[PDB]
Amino acid sequence: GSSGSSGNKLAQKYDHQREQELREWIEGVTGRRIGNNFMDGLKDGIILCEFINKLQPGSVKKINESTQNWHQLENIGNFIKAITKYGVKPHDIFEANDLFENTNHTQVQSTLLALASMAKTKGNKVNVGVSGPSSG
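In structure tokens, the structure reads:
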């Protein structure tokens, strides 16, 4: 589709291109306003639990909704594990601290990049530029 890049640069670092393709997919499926801060907004861990839930009926049994942190952690824990069964290898999944302690952003992004492909085959509406197992 119409899109000027004039770069065609392939890297592993945080891609600002996909960042817009992910938030646009999640913010839609689930229905939560991730907001500017792609991380902080996803830190809560809620949007995550619901994300894998919308794709698989039963992913996350129950989710905690509060303004605390301790609870936010537990949530992310259920998701990361939920996405593991759906169709996401543990070698491409982020850690609870990666999203919680925002110690790693790319690690979390890469995880989603794959998820999108897991929902595509099934028959979902994904707006992420991810074709086949792109590793590199």
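Numbering (the deposited numbering), first residue to last: 1 to 136.
Beta carbons are placed, not taken as given, at the ideal position from N, Cα and C, and that holds for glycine.
On the criterion of 16 or more Cβ atoms from any shown chain inside 10 Å, does residue i qualify as buried, or is it exposed?
i    : result
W25  : buried
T67  : exposed
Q17  : exposed
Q12  : exposed
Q20  : exposed
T111 : buried
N53  : buried
Rounded to whole angstroms, how far is the Cβ of residue i from the Cβ of residue j, which I believe are closer than 8 angstroms?
i    : j   : result
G123 : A96 : Not a contact, Cβ separation roughly 30 angstroms.
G45  : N75 : 3 angstroms
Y86  : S59 : 7 angstroms
For residue i and residue j, I'd like the C-alpha separation in whole angstroms.
i    : j    : result
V88  : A119 : 10 angstroms
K43  : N64  : 13 angstroms
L22  : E50  : 15 angstroms
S2   : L10  : 19 angstroms
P133 : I93  : 14 angstroms
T103 : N37  : 15 angstroms
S135 : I83  : 19 angstroms
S131 : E101 : 30 angstroms
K61  : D15  : 32 angstroms
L115 : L48  : 12 angstroms
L113 : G7   : 20 angstroms
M39  : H105 : 7 angstroms
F79  : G129 : 23 angstroms
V29  : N127 : 11 angstroms
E27  : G35  : 9 angstroms
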